[PDB]
Structure formats: C-alpha cells, structure tokens
2 protein chains.
Amino acid sequence: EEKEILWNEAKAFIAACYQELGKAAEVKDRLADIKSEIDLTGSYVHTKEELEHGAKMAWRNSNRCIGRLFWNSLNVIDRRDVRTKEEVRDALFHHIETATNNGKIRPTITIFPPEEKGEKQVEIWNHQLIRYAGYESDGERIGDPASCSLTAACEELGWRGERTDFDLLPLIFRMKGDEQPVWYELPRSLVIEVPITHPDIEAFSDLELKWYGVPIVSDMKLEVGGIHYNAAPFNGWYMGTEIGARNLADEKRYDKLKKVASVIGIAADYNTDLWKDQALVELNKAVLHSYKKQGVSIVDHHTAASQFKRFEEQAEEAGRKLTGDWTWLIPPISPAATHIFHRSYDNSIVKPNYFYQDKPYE
Amino acid sequence: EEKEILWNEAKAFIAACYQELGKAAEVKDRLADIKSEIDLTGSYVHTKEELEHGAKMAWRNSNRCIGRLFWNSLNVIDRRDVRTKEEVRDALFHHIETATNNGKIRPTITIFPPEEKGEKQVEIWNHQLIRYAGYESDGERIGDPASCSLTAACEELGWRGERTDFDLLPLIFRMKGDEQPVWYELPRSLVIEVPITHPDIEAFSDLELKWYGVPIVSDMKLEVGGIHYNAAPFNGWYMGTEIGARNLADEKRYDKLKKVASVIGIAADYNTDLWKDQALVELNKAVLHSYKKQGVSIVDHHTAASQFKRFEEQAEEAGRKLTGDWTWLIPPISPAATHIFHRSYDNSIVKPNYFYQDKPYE
Ligand code: HEM
Ligand code: HEM
Ligand SMILES: CN(C)Cc1ccc(OCc2ccc3ccc(N)nc3c2)cc1
Ligand SMILES: CN(C)Cc1ccc(OCc2ccc3ccc(N)nc3c2)cc1
Ligand SMILES: CN(C)Cc1ccc(OCc2ccc3ccc(N)nc3c2)cc1
Ligand SMILES: CN(C)Cc1ccc(OCc2ccc3ccc(N)nc3c2)cc1
Ligand SMILES: [Cl-]
Ligand SMILES: [Cl-]
C-alpha cells in the first residue's frame with residue numbers, strides 16, 4: 001500500500017525530472033532499478049542530481065510564492081549524511097552563513113535525511129532558523145506574538161530570553177531516539193540584523209525598529225517523488241512588504257502603525273485621513289531603504305511582481321502549466337498596481353512541492 | 001420545464017421571504033395562489049412587499065459587496081408600470097435625483113418590468129446611469145477607456161461627444177419592439193460632480209481631476225424567486241478606493257499615478273521609492289477630502305470594513321449563513337489592515353441576487 005503510492009509518485013517524478021534534464025533515455029533503466037529498490041527496501045534513494053532538481057521543481061510549484069523566477073538557481077546543500085545533533089546544528093549554522101553571504105543572499109536549501117518509516121530522523125521546531133522570541137503574561141506583551149508558543153516551549157527546556165522585543169530564539173530540533181529536543185543559542189556573528197531608518201525622516205530611528213536579514217523557513221516538508229524530507233530549511237531574500245506590511249504592522253504582530261504615524265508627524269485620529277495607509281507606505285519605504293543601505297538583499301513588491309510576470313512568460317514558453325494562489329501572490333500593499341491582481345491563477349497542487357506539517361510543540 | 005424552475009425558485013423565495021417578514025402562516029395560501037398563476041399564465045407577479053424585500057435579500061447575498069450592512073434600508077422604487085420610453089427615461093432621471101438627494105445619497109433601486117418570455121421589456125445599455133465617455137483612435141486616448149465600446153455605439157446612433165476627458169454619456173436603452181435603442185442627453189443639473197482637491201497640497205488642483213457623485217450600476221439582472229428583472233439600476237455611495245485606487249489609477253483607466261507623483265513633489269523613477277504606493281495614498285486621501293468637503297456621501301475602506309464586520313456579526317446572530325468573495329471584498333489599498341484580509345469566506349451563490357448579463361452592444 002505505502003509501497004504503491006511511493007512507486008507512482010516515483011514514476012511521475014523521474015519521468016518529468018529526466019525529461020527536463022535532457023536524459024529521457026536514462027529513465028527506462030533508472031525507473032527499473034528504482035522499482036527493484038522499492039520491492040527490496042520499502043524505499044529508494046535520490047541521486048544528488050535528482051534531489052537537487054527535485055528541490056528546484058518544488059519551489060517552481062509553490063503556488064503562493066511570488067519569487068519563483070529564480071527557481072533554477074536554488075543552491076541545494078545535500079546533508080543526508082548527518083547522524084548526530086552536533087552535525088545537524090553545524091549544518092544549520094552553515095546554512096545561515098552561506099545563505100547570508102555577507103548580505104548578498106543566496107537562495108539556499110539544506111536537505112536532511114528524509115522520513116524513513118514515516119519516522120523522522122530529524123525534526124526542526126523552529127518556524128525559521130532566525131526568529132524573535134515573544135512573551136505574553138499579565139498585560140505585558142514583549143517581542144513577536146507569533147513566537148509565543150515556541151518561546152514558552154524553549155523556556156521549558158532550560159532556555160531563558162532576556163525579554164527584549166528582539167530576543168533571538170535558539171535553534172531547537174529533535175533527533176530520532178531522543179524523547180526531547182535540544183536547543184543551541186545562536187552566535188550573533190552569524191546573524192545579520194538591519195536597523196530600520198527612513199531616507200527623509202530622521203525621527204524614524206526613535207522607534208528603534210530592526211529585523212533579521214534572512215528568512216529561513218524551517219518547518220515545511222519537501223516532497224520529491226514519494227520521498228518526504230520533513231527537515232529541509234530553505235531561504236530566499238525578503239520582499240519588503242513581508243517586514244513592513246505584516247511582521248511590523250499586523251496588530252497581532254509588532255503592531256507599529258500608530259507609533260509610525262506619530263514619528264512621521266501625522267494624526268492617527270480619523271479613518272478618512274488614511275493614516276494607516278500612509279504609515280504603511282513610509283514604513284515600507286523605510287524597510288527597503290535600510291536593507292539597501294546596509295548591503296542586504298531585498299526586493300520591493302513591484303520589482304517582485306515584474307519578475308513573476310517573467311516567470312509566467314517563461315512557464316508558458318517552456319510548455320508548462322502555471323499554478324498559483326492569487327490570495328497569496330498579491331502583495332499586501334497596492335496589489336491593484338501589480339498585474340497579479342488583474343488576472344487569475346489555477347491553484348492546483350503539483351508535486352514536487354513544499355507542504356505544511358504538524359508542529360511538535362503546542 | 002421553464003414552468004418548473006420558476007415554481008421551485010418561487011417556493012424557496014416565498015418561504016424565506018415570508019419567514020423573515022413574520023408572515024409564516026400566510027405562505028401556505030400565497031404559495032397555492034402562485035402555483036395556480038404559474039399553471040394559468042406561465043409566470044406570476046410579485047406583491048410590492050415581496051419585491052421590496054426580494055431586492056433587499058438580493059443585496060444581502062451579493063458576495064462581492066463590502067457595503068452589505070445597510071441591506072435592509074434599501075429604497076425600492078416599483079416602476080413595473082412603465083410601458084413607454086419617455087416613462088423609462090423619466091424614471092431613470094428620477095432615480096438619479098432621489099438617490100443623489102443633494103449629496104446625502106440614498107441607496108436606491110428602480111425596478112422595471114421583468115423579462116416575460118425571457119423577452120426583455122426594457123434593456124439598458126449603460127453600465128452606470130452616470131459615466132464618462134472614452135475615445136481611442138490614432139494614438140489619441142480621451143476619457144475613460146472602459147467606456148470605449150459604448151461611446152462608439154452611441155456615436156453610431158447620432159450622439160457626439162465633445163471629447164473632453166469627462167463627457168457624460170447619454171442614457172441609452174431599448175424598448176421591446178424597437179430594433180434600435182434611443183438615447184437621451186443627461187441634464188447637468190441632475191448630475192453632481194466632485195472636483196478632486198488635496199487637503200494639504202494646493203498644487204493637486206492642477207491635475208483638474210473630477211468624478212461623478214453617484215455610481216448607479218444599471219447593467220445587472222436582479223433575480224427574485226424565479227423572476228428576472230434584467231432592468232433594475234441600483235446605487236449606493238462610493239467607497240473612496242473605487243475612485244482613487246481604480247478608476248483614476250488603473251493603467252487601462254485614467255492612469256494618473258505618474259501625474260499625481262509629480263504634483264505631490266516626489267520622483268517617479270525607482271520602484272524602491274514606492275512612489276506608486278505613495279501616490280495612491282495621497283490620491284485616495286484627496287478623493288475622500290473632496291467628497292466630504294462638497295457634502296457628497298462617501299466611505300473610506302477602513303470604516304467600510306468595520307461596517308462589514310458588523311454585517312458578519314449581524315448575520316451569524318440572525319442564524320444566517322454568511323457568503324462572500326474574498327478577492328472582491330478586500331480593498332485595493334492596505335487590505336491587510338482590514339479584518340477581511342485575515343479571514344476566509346464561502347463564495348456560494350444564494351438567491352435572490354444580482355447577476356451579470358450579456359451586453360447588447362459589442
Ligand atoms: C528568492 C527570493 C524569494 C522571495 C522574494 C519570495 C517571496 C515569497 C513571499 C512574499 C511569499 C509569501 C509569504 C507570506 O505572505 O507569508 C512566499 C511564499 C512562499 N515561498 Fe517564496 N520567495 C523567495 C524564495 C523562495 C524559495 C527559495 C523557496 C523554496 C525553495 C520558496 C518557497 C515559498 C513557499 C513554499 C511559500 C509558501 C509558504 C506558505 O504556504 O506558507 N520561496 N515567497
Ligand atoms: C451603500 C453603499 C455601498 C457601498 C459602499 C458598496 C461597496 C461595494 C464595492 C466597493 C464593491 C466592489 C466594486 C468593484 O470593485 O468593482 C461592491 C460590489 C457590489 N455591490 Fe455594493 N456597495 C454599496 C451598496 C450596494 C447596493 C445598494 C447594492 C445593490 C442593491 C450593491 C450591490 C453590489 C454588487 C452586486 C456588487 C458586485 C458587482 C460585481 O460583481 O461586479 N451594493 N459594493
Ligand atoms: C508556521 N506555519 C504553519 C505557517 C507558515 C509556514 C511557512 C510560511 O512560509 C512563508 C514563506 C516561505 C518561504 C519564503 C521564502 C522567501 C521569502 N521572502 N519569504 C518566504 C515566506 C508561512 C507560514
Ligand atoms: C484569466 N482571466 C482571463 C480571467 C479572469 C481574470 C481575473 C479575474 O479577477 C481578478 C480580480 C480580482 C479581484 C478584483 C477586485 C475588484 C475588481 N474590480 N476586479 C478584480 C479582479 C477573474 C477572471
Ligand atoms: C460591465 N460588467 C459586466 C462588469 C461589472 C458590472 C457591475 C459591477 O458592479 C460594481 C459595483 C456594483 C454596485 C456598487 C454599489 C455601490 C458602490 N460604491 N459600488 C458598486 C460597484 C462591476 C463590474
Ligand atoms: C476561516 N478561517 C478560520 C480559516 C482561514 C482564514 C483565513 C485564511 O487566509 C486568509 C489569508 C489570505 C491571504 C494571505 C496572504 C498572506 C498571508 N501571510 N496570509 C494570508 C491569509 C485561510 C483560512
Ligand atoms: Cl517573515
Ligand atoms: Cl465606478
């Protein structure tokens with residue numbers, strides 16, 4: 001039964017992957033040797049080539065991703081050889097370093113041993129390798145409320161935050177066999193942060209806003225040809241709106257719009273003044289300015305949309321069906337100013353792809 | 001066959017309508033007398049009460065409408081008695097007047113004779129009773145490009161525009177029997193227009209922007225209990241983003257953002273400056289300011305969203321399933337700053353409702 005769903009997903013993936021790689025004749029035999037390995041072992045192992053390309057296809061099939069134009073240049077790191085928690089830690093540390101690249105961010109994925117029996121070899125608890133802690137107790141809100149449950153979990157395991165609004169969470173993951181995860185504090189020299197300043201408004205620094213340079217999503221499962229890589233953190237660079245329009249602006253996140261309106265010198269009294277909209281623009285301007293000023297890669301939502309239009313064009317030209325999630329592709333500011341808003345997308349799920357999986361904490 | 005689909009839609013509507021009206025016991029007999037009239041005549045006629053309430057239910061079921069909180073106060077004008085084109089014209093003229101109400105806009109619908117055999121008694125060509133003409137010929141673009149095909153149609157029928165960017169289209173509709181529609185120029189005293197000025201930036205008047213006060217959508221079919229009112233123009237007041245973020249901003253409409261950026265004194269050179277986003281905010285501020293300054297009703301998208309949240313609450317409280325089209329409910333500016341963005345909606349079609357129908361021109 002499980003042996004079957006593995007085989008069908010394998011046939012579909014190998015065919016498409018070898019087609020794209022210009023190795024269509026190699027299919028027949030590779031497909032045969034896989035079928036054998038399935039019968040014998042209950043699973044099969046990807047070559048470096050299959051895995052690298054699979055990860056790339058997976059990004060290409062991510063309906064919600066506006067940044068897909070660069071799918072083919074993803075930097076794939078094959079860490080299926082790790083066996084220990086020191087290795088997992090060091091691989092994660094290394095991911096941060098090479099992906100950050102002094103600010104010239106390389107879109108990178110580190111791939112760990114896949115699920116065996118549906119049994120995890122490694123299980124990463126972090127939502128992102130770099131994120132800020134969050135604390136809610138007795139009317140006191142500190143840091144990122146989205147990180148509240150993970151922070152409280154780390155604090156059960158012996159970690160303690162300094163309770164600034166920007167405490168870096170430790171790396172926390174669990175190895176197969178161990179009932180409890182381990183956690184490792186992050187070396188500050190590895191983590192680039194960007195202070196938020198405004199190009200025109202000097203007072204903007206009084207808000208003492210900052211964000212981390214590299215978003216490294218680490219809780220999603222990569223699925224390639226019937227193989228489940230539940231631990232495979234990947235990154236791109238940020239689109240400014242992620243920081244300025246959501247992380248810093250959402251009421252249930254940092255909720256800074258009222259403070260932003262104050263430093264930019266406008267009233268936050270009437271809906272008709274559109275002070276929130278104005279706050280959002282200046283904050284988003286601020287974010288872009290600050291990242292560029294420091295040498296940390298970032299894209300604005302207009303450029304991002306232009307790139308994604310090219311992705312649409314490149315897709316049709318290659319004879320590939322395009323898939324997308326309109327509700328996630330439009331940017332949270334001025335979406336009607338992008339072509340994305342004015343067309344529709346098929347939201348079908350094609351594999352290889354990245355998927356949600358259940359959290360171990362909570 | 002047609003007699004059947006009419007009966008089932010009638011049973012569903014009368015039941016729900018009499019339930020809401022507190023007349024549940026009157027159903028039995030009203031339903032019986034309808035069934036008779038169906039057998040005898042092939043159709044049935046709504047009472048003033050059924051029709052009024054039906055129009056209200058139809059608005060309430062409009063998935064794409066953010067303004068549904070006020071569904072129950074819709075002002076229904078019953079003009080099923082018109083037989084002539086002078087009557088149709090005068091009813092349309094009257095709609096404009098009472099709905100405008102010196103700027104204190106009354107949400108109004110005028111209801112004309114429904115389709116008989118699926119045969120129209122009246123067929124309105126205007127998309128809205130008040131709209132601006134549009135001209136595209138030889139690299140010259142004038143007025144509203146969305147009105148290009150209707151403008152060219154009116155010009156076939158003997159109308160001629162002055163070719164300003166704001167020529168008011170004539171009312172144009174066709175009566176049953178007549179092979180061709182008629183057109184009637186709009187009396188300027190009936191049409192309120194609002195010049196666009198900015199509260200802070202005096203130079204904004206140099207753009208010589210204006211818009212009409214009352215959007216009166218006139219090409220949709222109202223369906224109430226199996227009866228098709230193909231001619232039933234209705235109106236609300238504008239949400240500012242409709243004018244500032246779409247009509248005036250869309251490249252395929254008035255396309256004013258570059259001009260807006262110039263008068264507000266910012267460069268329109270780099271995506272990272274977010275000059276479009278900034279332009280959009282000031283233009284939208286300008287629109288709201290100008291409507292309020294003149295005494296013409298308008299709502300901003302934040303207030304509109306707050307009202308729609310109340311509509312959600314009022315719906316659940318009344319034990320009614322809520323339906324909505326997320327992609328149309330979010331406003332085209334700062335959607336993530338409204339609760340609408342952060343939840344989902346069922347997009348099922350419930351009748352009574354308003355529907356698209358095929359255009360007679362084109
Ligand atoms: C290179 C720069 C990239 C940019 C600018 C970019 C941009 C985005 C943005 C803005 C989102 C929406 C995030 C949200 O609203 O929560 C997104 C979603 C996503 N991106 Fe990308 N992305 C990039 C690279 C990548 C890479 C390298 C991968 C994986 C190999 C990836 C996979 C995804 C996935 C899976 C989602 C959806 C996650 C979900 O459903 O919650 N992206 N992308
Ligand atoms: C009272 C103030 C009202 C406001 C502020 C309002 C707001 C809106 C807005 C902003 C839209 C989206 C328009 C677009 O993006 O193209 C919309 C759609 C709609 N509204 Fe309303 N509305 C109001 C009253 C009404 C009334 C009185 C009716 C009918 C009785 C109505 C029926 C609809 C329908 C049918 C649509 C969807 C049209 C389509 O699918 O293209 N609304 N409304
Ligand atoms: C915690 N999850 C259950 C919710 C969740 C998981 C992954 C998510 O990924 C968003 C995402 C993924 C990849 C990205 C790559 C680059 C970029 N700038 N943003 C990116 C943003 C979002 C929400
Ligand atoms: C694939 N296309 C040819 C068909 C198609 C394209 C865009 C579609 O909708 C995009 C869209 C989404 C939201 C909107 C909200 C308001 C508005 N005026 N237009 C809006 C338009 C629908 C169908
Ligand atoms: C020409 N049609 C095929 C496309 C089309 C038709 C009606 C449409 O109605 C939009 C609409 C409808 C009712 C409204 C009521 C109030 C308001 N402020 N806007 C409103 C906007 C939009 C597009
Ligand atoms: C009905 N809810 C309990 C379930 C539910 C609510 C909102 C949902 O999505 C809203 C939504 C739409 C677009 C988004 C784009 C980006 C982002 N970070 N979140 C976004 C969230 C999905 C499911
Ligand atoms: Cl993030
Ligand atoms: Cl309009």
# chains A, B, ... in the order shown; residues from 1 in each chain; ligands from 1

call {"tool": "closest_atom_pairs", "arguments": {"of": "chain B", "to": "ligand 6", "cutoff": "10 Å", "atoms": "only C-alpha atoms and all ligand atoms", "output": "JSON lines"}}
result
{"residue": "B:326", "atom": "CA", "partner": "ligand 6", "partner_atom_place_in_ligand_line": "12 (C)", "distance": 8.3}
{"residue": "B:327", "atom": "CA", "partner": "ligand 6", "partner_atom_place_in_ligand_line": "12 (C)", "distance": 9.2}
{"residue": "B:330", "atom": "CA", "partner": "ligand 6", "partner_atom_place_in_ligand_line": "12 (C)", "distance": 9.8}
{"residue": "B:335", "atom": "CA", "partner": "ligand 6", "partner_atom_place_in_ligand_line": "13 (C)", "distance": 9.6}
{"residue": "B:336", "atom": "CA", "partner": "ligand 6", "partner_atom_place_in_ligand_line": "14 (C)", "distance": 8.2}
{"residue": "B:339", "atom": "CA", "partner": "ligand 6", "partner_atom_place_in_ligand_line": "10 (C)", "distance": 9.5}
{"residue": "B:340", "atom": "CA", "partner": "ligand 6", "partner_atom_place_in_ligand_line": "10 (C)", "distance": 8.1}
{"residue": "B:341", "atom": "CA", "partner": "ligand 6", "partner_atom_place_in_ligand_line": "12 (C)", "distance": 5.7}
{"residue": "B:342", "atom": "CA", "partner": "ligand 6", "partner_atom_place_in_ligand_line": "10 (C)", "distance": 4.6}
{"residue": "B:343", "atom": "CA", "partner": "ligand 6", "partner_atom_place_in_ligand_line": "7 (C)", "distance": 3.6}
{"residue": "B:344", "atom": "CA", "partner": "ligand 6", "partner_atom_place_in_ligand_line": "7 (C)", "distance": 4.4}
{"residue": "B:345", "atom": "CA", "partner": "ligand 6", "partner_atom_place_in_ligand_line": "1 (C)", "distance": 6.9}
{"residue": "B:346", "atom": "CA", "partner": "ligand 6", "partner_atom_place_in_ligand_line": "1 (C)", "distance": 8.9}

call {"tool": "interface_residues", "arguments": {"of": "chain A", "to": "chain B", "cutoff": "6 Å", "atoms": "only C-alpha atoms", "output": "PyMOL selection string"}}
result
chain A and resi 272+277+300+332-334+336

call {"tool": "select_by_dssp", "arguments": {"residues": "segment 86-142 of chain B", "states": "strand (DSSP E)", "output": "VMD selection string"}}
result
chain B and resid 108 to 111 122 to 124 134 to 137 140 to 142

call {"tool": "write_last_selection", "arguments": {"atoms": "N, CA and C atoms", "output": "PDB file, in the first residue's frame"}}
result
ATOM      1  N   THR B 108     -30.578  53.234  -3.517  1.00  0.00           N
ATOM      2  CA  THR B 108     -31.879  53.112  -4.174  1.00  0.00           C
ATOM      3  C   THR B 108     -31.803  52.111  -5.316  1.00  0.00           C
ATOM      4  N   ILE B 109     -32.902  51.403  -5.545  1.00  0.00           N
ATOM      5  CA  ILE B 109     -33.055  50.611  -6.751  1.00  0.00           C
ATOM      6  C   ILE B 109     -34.377  51.010  -7.418  1.00  0.00           C
ATOM      7  N   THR B 110     -34.348  51.239  -8.731  1.00  0.00           N
ATOM      8  CA  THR B 110     -35.585  51.368  -9.513  1.00  0.00           C
ATOM      9  C   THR B 110     -35.788  50.035 -10.245  1.00  0.00           C
ATOM     10  N   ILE B 111     -36.964  49.437 -10.074  1.00  0.00           N
ATOM     11  CA  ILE B 111     -37.270  48.143 -10.682  1.00  0.00           C
ATOM     12  C   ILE B 111     -38.274  48.263 -11.861  1.00  0.00           C
ATOM     13  N   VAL B 122     -37.541  46.147 -21.295  1.00  0.00           N
ATOM     14  CA  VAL B 122     -36.630  47.277 -21.377  1.00  0.00           C
ATOM     15  C   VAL B 122     -35.232  46.692 -21.315  1.00  0.00           C
ATOM     16  N   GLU B 123     -34.294  47.281 -22.045  1.00  0.00           N
ATOM     17  CA  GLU B 123     -32.914  46.809 -21.997  1.00  0.00           C
ATOM     18  C   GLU B 123     -31.974  48.013 -21.929  1.00  0.00           C
ATOM     19  N   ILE B 124     -31.384  48.231 -20.754  1.00  0.00           N
ATOM     20  CA  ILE B 124     -30.491  49.369 -20.538  1.00  0.00           C
ATOM     21  C   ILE B 124     -29.057  49.077 -21.012  1.00  0.00           C
ATOM     22  N   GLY B 134     -15.344  57.620 -23.623  1.00  0.00           N
ATOM     23  CA  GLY B 134     -13.949  57.278 -23.828  1.00  0.00           C
ATOM     24  C   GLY B 134     -13.668  57.083 -25.298  1.00  0.00           C
ATOM     25  N   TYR B 135     -12.514  57.576 -25.738  1.00  0.00           N
ATOM     26  CA  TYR B 135     -12.206  57.603 -27.153  1.00  0.00           C
ATOM     27  C   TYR B 135     -10.771  57.106 -27.381  1.00  0.00           C
ATOM     28  N   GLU B 136     -10.611  56.112 -28.255  1.00  0.00           N
ATOM     29  CA  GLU B 136      -9.278  55.677 -28.675  1.00  0.00           C
ATOM     30  C   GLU B 136      -9.195  55.590 -30.198  1.00  0.00           C
ATOM     31  N   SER B 137      -8.418  56.495 -30.788  1.00  0.00           N
ATOM     32  CA  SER B 137      -8.190  56.491 -32.230  1.00  0.00           C
ATOM     33  C   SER B 137      -6.913  57.254 -32.559  1.00  0.00           C
ATOM     34  N   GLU B 140      -4.444  58.806 -29.917  1.00  0.00           N
ATOM     35  CA  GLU B 140      -5.149  59.733 -29.039  1.00  0.00           C
ATOM     36  C   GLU B 140      -6.100  58.979 -28.109  1.00  0.00           C
ATOM     37  N   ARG B 141      -5.810  59.013 -26.808  1.00  0.00           N
ATOM     38  CA  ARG B 141      -6.697  58.442 -25.801  1.00  0.00           C
ATOM     39  C   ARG B 141      -7.420  59.550 -25.034  1.00  0.00           C
ATOM     40  N   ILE B 142      -8.748  59.528 -25.055  1.00  0.00           N
ATOM     41  CA  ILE B 142      -9.522  60.560 -24.361  1.00  0.00           C
ATOM     42  C   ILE B 142     -10.561  59.923 -23.451  1.00  0.00           C
TER      43      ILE B 142
END

call {"tool": "residues_around", "arguments": {"residues": "residue 192 of chain B", "least_positions_apart": "4", "cutoff": "8 Å", "atoms": "only C-alpha atoms", "output": "ChimeraX atom specification"}}
result
/B:100,103,188,212-214

call {"tool": "residues_near_ligand", "arguments": {"ligand": "ligand 5", "cutoff": "8 Å", "atoms": "only C-alpha atoms and all ligand atoms", "output": "list in words"}}
result
residues 65, 67, 127, 215, 216, 217, 218, 219, 220, 234, 235, 236, 237, 238, 239, 242, 356, 357, 358 and 359 of chain B

call {"tool": "residues_around", "arguments": {"residues": "segment 159-172 of chain A", "least_positions_apart": "6", "cutoff": "8 Å", "atoms": "only C-alpha atoms", "output": "list in words"}}
result
residues 89, 124, 125, 126, 129, 130, 131, 132, 133, 134, 135, 142, 143, 144, 151, 181, 182, 183, 184, 185 and 186 of chain A

call {"tool": "write_last_selection", "arguments": {"atoms": "N, CA, C and O atoms", "output": "short mmCIF file (atom, residue, chain, number, x, y, z; two decimals), in the first residue's frame"}}
result
data_model
loop_
_atom_site.label_atom_id
_atom_site.label_comp_id
_atom_site.auth_asym_id
_atom_site.auth_seq_id
_atom_site.Cartn_x
_atom_site.Cartn_y
_atom_site.Cartn_z
N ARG A 89 23.23 20.68 14.00
CA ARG A 89 23.48 22.06 14.43
C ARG A 89 24.44 22.76 13.48
O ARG A 89 24.15 23.85 12.97
N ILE A 124 12.84 19.64 13.13
CA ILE A 124 13.14 21.02 13.49
C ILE A 124 11.91 21.74 14.07
O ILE A 124 10.85 21.81 13.42
N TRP A 125 12.05 22.30 15.27
CA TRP A 125 10.95 23.00 15.91
C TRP A 125 10.82 24.46 15.46
O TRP A 125 9.73 25.02 15.48
N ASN A 126 11.93 25.08 15.06
CA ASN A 126 11.86 26.48 14.62
C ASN A 126 10.98 26.65 13.38
O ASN A 126 11.00 25.81 12.46
N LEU A 129 14.94 29.54 11.04
CA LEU A 129 16.17 29.37 11.80
C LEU A 129 16.47 30.62 12.63
O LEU A 129 16.91 30.54 13.79
N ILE A 130 16.20 31.78 12.04
CA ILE A 130 16.30 33.04 12.76
C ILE A 130 14.92 33.68 12.97
O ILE A 130 14.25 34.06 11.99
N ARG A 131 14.48 33.77 14.23
CA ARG A 131 13.24 34.48 14.60
C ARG A 131 13.29 35.08 16.01
O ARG A 131 14.11 34.67 16.83
N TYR A 132 12.41 36.04 16.30
CA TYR A 132 12.44 36.69 17.60
C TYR A 132 11.45 36.09 18.60
O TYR A 132 10.33 35.74 18.23
N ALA A 133 11.86 35.97 19.86
CA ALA A 133 11.01 35.40 20.89
C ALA A 133 9.81 36.31 21.14
O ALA A 133 9.78 37.46 20.68
N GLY A 134 8.82 35.79 21.87
CA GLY A 134 7.63 36.56 22.17
C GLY A 134 7.05 36.12 23.50
O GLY A 134 7.00 34.92 23.81
N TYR A 135 6.58 37.10 24.27
CA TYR A 135 6.16 36.83 25.63
C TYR A 135 4.82 37.52 25.91
O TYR A 135 4.68 38.73 25.67
N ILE A 142 5.68 41.24 24.99
CA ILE A 142 7.07 41.50 24.60
C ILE A 142 7.43 40.70 23.35
O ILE A 142 7.09 39.52 23.26
N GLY A 143 8.09 41.35 22.39
CA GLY A 143 8.60 40.65 21.21
C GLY A 143 7.52 40.26 20.21
O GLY A 143 6.52 40.98 20.06
N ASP A 144 7.72 39.13 19.53
CA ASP A 144 6.84 38.70 18.43
C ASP A 144 5.77 37.74 18.95
O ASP A 144 6.09 36.62 19.36
N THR A 151 8.54 30.06 22.08
CA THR A 151 9.31 30.69 23.16
C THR A 151 9.02 30.00 24.49
O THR A 151 9.95 29.63 25.22
N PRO A 181 13.85 17.49 22.45
CA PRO A 181 14.75 18.19 21.53
C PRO A 181 15.93 18.79 22.29
O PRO A 181 15.93 18.78 23.53
N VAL A 182 16.93 19.29 21.58
CA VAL A 182 17.99 20.07 22.21
C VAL A 182 17.84 21.49 21.69
O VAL A 182 17.18 21.71 20.67
N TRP A 183 18.46 22.45 22.37
CA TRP A 183 18.49 23.80 21.84
C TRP A 183 19.91 24.35 21.92
O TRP A 183 20.66 24.02 22.83
N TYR A 184 20.26 25.18 20.93
CA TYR A 184 21.56 25.82 20.85
C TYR A 184 21.38 27.30 20.56
O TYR A 184 20.78 27.68 19.55
N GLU A 185 21.90 28.14 21.45
CA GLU A 185 21.89 29.60 21.29
C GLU A 185 22.59 29.97 19.97
O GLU A 185 23.54 29.29 19.57
N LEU A 186 22.12 31.02 19.29
CA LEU A 186 22.70 31.44 18.00
C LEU A 186 23.88 32.39 18.18
O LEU A 186 23.77 33.40 18.87
#

call {"tool": "closest_residue", "arguments": {"among": "A:149, A:180, A:43, A:347", "to": "ligand 1", "atoms": "only C-alpha atoms and all ligand atoms"}}
result
A:347
